[PDB]
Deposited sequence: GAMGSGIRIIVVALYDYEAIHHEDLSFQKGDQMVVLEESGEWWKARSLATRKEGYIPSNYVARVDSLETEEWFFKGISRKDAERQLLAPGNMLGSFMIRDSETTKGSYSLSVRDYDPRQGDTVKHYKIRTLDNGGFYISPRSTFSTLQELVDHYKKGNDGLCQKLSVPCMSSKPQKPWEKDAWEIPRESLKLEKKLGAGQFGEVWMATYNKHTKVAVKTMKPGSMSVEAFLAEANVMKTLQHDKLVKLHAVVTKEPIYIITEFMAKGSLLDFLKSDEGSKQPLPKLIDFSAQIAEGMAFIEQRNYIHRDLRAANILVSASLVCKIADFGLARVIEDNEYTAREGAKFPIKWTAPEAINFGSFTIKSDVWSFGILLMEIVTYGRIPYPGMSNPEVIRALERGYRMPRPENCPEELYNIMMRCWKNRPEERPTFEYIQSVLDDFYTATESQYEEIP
């Protein structure tokens, strides 16, 4: 007897899945991953539901101010997302203190600007300061909603949260082409094209159509079966695959296209430096994930980075850059074809420059052999006007001749995330 409750409204779009509004309770019958067989207590109908749309009754996840499986940087990003205001807060799983919680509050500083402060929450009973004890988390928030214990700003409304992406159809990895309606061509290339399409007249998706050639079918599909496992918030979601030549790659749809185009647009020109640093931090996070898995990207640049409607950067074309440009390529890969994760680090340096210059072409005014001869002399791109010295230093560290002396994506991610934050200022220390 395991009962769950719905966190968001949901409309059925498949054959045997249920519709439920926010508040409806339900009985779990089968735990089959992303989809769960369940019986509604409101309609008495049995059918499948998305796992991430419900939570066990009176678990912390049912609360509006609680967020599960979310990092400190993600907490900062979500709290700083538009709509929220001064005092916006959340309670989350502590990244460093396992089994414990943390409070993240939106504050304003006359120096930096809009910021997010974090506080550790102690066990045995909960408290931030040893003076004010609280029986539950709910009392803990209820106290600070009017009048703080001496922390930045007082608590207000919980952090705003949108509906999660509805997971892909239950067991629909290899789909027939008939399910797709490639409605509008987004872009074309030497190896194929990209379309905005719909899946079964309800699910907006993107499709990379590959022209038949060097791309060996079985080998490619093996590589794609590898790609499916590499799921991460900073990697574009790979939904389905049409196995019959010509091969179609069905993925999540990114509303604002590539990072290059977005940067070159007006809204992209409206984006201040901290935001650009945030973009690069998200990219570095994705590459850190790829590094942890030991796989290699082989073609990192703003054109192969996609942007969501909510300005979330995701990596695309990962691994695909093998199964089938030197200005983004490390010297060792240019000369001896030795593509490693360090060459990807070099590429990340170039992409960093590309970001800070709002999509400008690297080495402006130079041809490919021009650049090649330049690199031998030990030449690097100069620091742009708007680029911070400390970020340029990161770029330069990415562009070291020896790939061995190049930083990992783990380090780069850590540095970029806390770029404006002194280590001692991550979590506030209250008396």
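- Against the full deposited sequence, the model leaves out several stretches, namely 1-7, 132-134, 335-347.
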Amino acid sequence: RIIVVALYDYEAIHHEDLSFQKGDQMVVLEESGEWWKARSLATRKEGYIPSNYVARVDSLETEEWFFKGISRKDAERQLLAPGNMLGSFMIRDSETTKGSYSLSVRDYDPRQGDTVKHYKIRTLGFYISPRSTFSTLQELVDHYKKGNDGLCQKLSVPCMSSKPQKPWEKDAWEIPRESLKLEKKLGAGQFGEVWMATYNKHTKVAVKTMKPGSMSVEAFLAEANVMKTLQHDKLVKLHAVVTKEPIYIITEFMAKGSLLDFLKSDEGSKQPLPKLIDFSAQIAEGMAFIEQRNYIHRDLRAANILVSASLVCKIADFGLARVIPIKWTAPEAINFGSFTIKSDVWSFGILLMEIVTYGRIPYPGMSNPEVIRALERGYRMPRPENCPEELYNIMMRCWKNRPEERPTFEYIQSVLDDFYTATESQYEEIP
From here on, numbers count along this sequence of modelled residues.
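Between two forms, the rigid core is defined as the largest C-alpha subset superposing within 1.5 Å.
- Greater C-alpha displacement in 9 other deposited structures of this protein (rigid core superposition, RMS over structures and residues), of 22-30 versus 376-384: 22-30.
- For the pair 145-153 and 162-170, greater average C-alpha departure from the shown form in 9 other deposited structures of this protein after core alignment is found in 145-153.
- Compared against other deposited entries of this protein, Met196 counts as consistently modelled, with coordinates in all of those that resolve the residues around it and thus below the third mark.
- Per the compared records, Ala321 is resolved in all of the other entries whose models span it, so no third of them omit it.
- When 133-141 is weighed against 344-352, 133-141 comes out higher, by mean CA B-factor as recorded in the entry.
- Look at the C-alpha B-factors of 258-266 and of 144-152. On average they run higher in 144-152.
- The residue among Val241, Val105, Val312, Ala219 whose C-alpha carries the highest B-factor in the deposited model is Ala219.
- Within the group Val194, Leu124, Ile361, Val116, the record's highest C-alpha temperature factor is found at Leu124.
- When the modelled residues of the chain are ordered by C-alpha B-factor, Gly319 sits in the highest third.
- Among all modelled residues in this chain, the alpha-carbon of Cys387 has a temperature factor (C-alpha) in the lowest third.
- For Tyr379, the recorded CA B-factor ranks within the highest third of the chain. Only modelled residues enter the ranking.
- Sort the modelled residues of the chain by CA B factor and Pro176 lands in the middle third.
- Among the modelled residues of its chain, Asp278 has a C-alpha B-factor that falls in the lowest third according to the deposited record.
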